[PDB]
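Sequential numbering from 1 along the given sequence is applied to the chain's residues. Whatever order the structure lists them in is the order used to number ligands and atoms, beginning at 1.
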Amino acid sequence: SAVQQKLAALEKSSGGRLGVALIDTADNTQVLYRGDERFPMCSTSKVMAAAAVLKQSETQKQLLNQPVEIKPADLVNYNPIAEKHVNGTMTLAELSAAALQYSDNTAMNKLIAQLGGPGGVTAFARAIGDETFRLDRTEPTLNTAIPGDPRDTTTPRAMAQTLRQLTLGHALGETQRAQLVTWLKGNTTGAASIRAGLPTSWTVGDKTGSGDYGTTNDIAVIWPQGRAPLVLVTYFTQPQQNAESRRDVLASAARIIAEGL
Ligand SMILES: *[B@@]1([O])O[C][C]([C][O])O1
């Protein structure tokens, strides 16, 4: 299609490897580019950890209000919110929000611990029908994004389907789904990524990711004004370990997708 030709051209111009999956929930049509290739998730994996904790809260009704102590040893490489609460506590809701809206890595590690390790996050993916997602490591090493390494990867197709189920479907209870959507819509890290390629009037909830090898990711639910929502996953990684982030590629891919509608 026109869109696949434009995405291939964008990829060629960028020097890296681009993966895209769009689900249009109007007709459940899909647009895929490298849709079944594995990409390092980096921080887009935080959506799965937060959703797994939300799923737990369907039975443990007060779980999100449980205080979790932030100790100095807990701090890793990027902890914008957790740093503000060292030697104090954050609730699981606050940690989930921090992981999602600020990409706080300490928050992610506390969520992983709550789930019993990376295998607990992966188990939740399996439980909602995602056979592709795998979380193997904690922060910060899950961002190494080594070419060919299957650890901490998923495919665009799988992540788009899972994000659809979590936000628009019923993998979560009604209050939990609404909470997740609220958290994603409040993301603070996404302005230069998918959002930048879309009409300013569209509502977007997204989670970015970045890692080594210039890995630059964003996964989004998009609510166009007067139109069924869309789920868009854009993964990008580069051949040089020290490559710079390329959020503009994700913006451009979103723009190309949006043109085709
Ligand atoms: B994710 O990818 O988003 C930011 C943090 C930095 O390590 O991880």
Any heavy atom of [X] sitting closer than 4.0 Å to ligand 1?
X	answer
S210	yes
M108	no
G209	yes

Sub-4.0 Å atoms of ligand 1 with respect to non-hydrogen atoms of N77: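 By the 4.0 Å cutoff, the relevant atoms are 7 (O).
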Going by the order shown, which atoms of ligand 1 are within less than 4.0 Å of some heavy atom of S43? 1 (B), 2 (O), 3 (O), 4 (C), 5 (C), 8 (O)
Would you say ligand 1 has an N or O under 3.5 Å from any N or O of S103? yes
Judging by distance only, is a nitrogen or oxygen of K207 under 3.5 angstrom from one on ligand 1?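 By distance alone, the answer is no.
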Can you tell me which residue among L95, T89, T91 is in a side chain to side chain contact (heavy atoms under 4.5 Å, CB included) with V68? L95
Any idea which part of [X] is under 4.0 Å from ligand 1, heavy-atom wise: side chain, backbone, both or neither?
X	result
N105	side chain
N143	side chain
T44	neither

Taking the cut-offs as 6.0 angstrom to the six-membered ring centre and 45 degrees off its axis, would you call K207 and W183 a cation-pi pair?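 Negative - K207 is either too far from the ring of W183 or too far off its axis.
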Are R17 and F236 in a cation-pi setup, meaning NZ or CZ lies under 6.0 angstrom from the ring centre and within 45 degrees of the ring axis?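 Not flagged: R17 not positioned over aromatic ring of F236.
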Which residue is it: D104, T106, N109? I am looking for the one with a side-chain hydrogen bond (donor to acceptor under 3.5 Å, both in side chains) to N79. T106
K185-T203 side chain donor-acceptor pair, cut-off 3.5 Å: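 Distance-only check fails for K185 and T203.
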Answer yes if the side chains of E244 and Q238 hold a donor-acceptor pair under 3.5 Å, and no otherwise.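 No, because no side-chain N or O of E244 sits under 3.5 Å from a partner of the opposite role on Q238.
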Is there a path of hydrophobic side-chain contacts, each under 4.5 Å between heavy atoms of I/L/V/M/F/W/Y residues, joining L54 to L168?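 In one cluster with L168: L54, yes.
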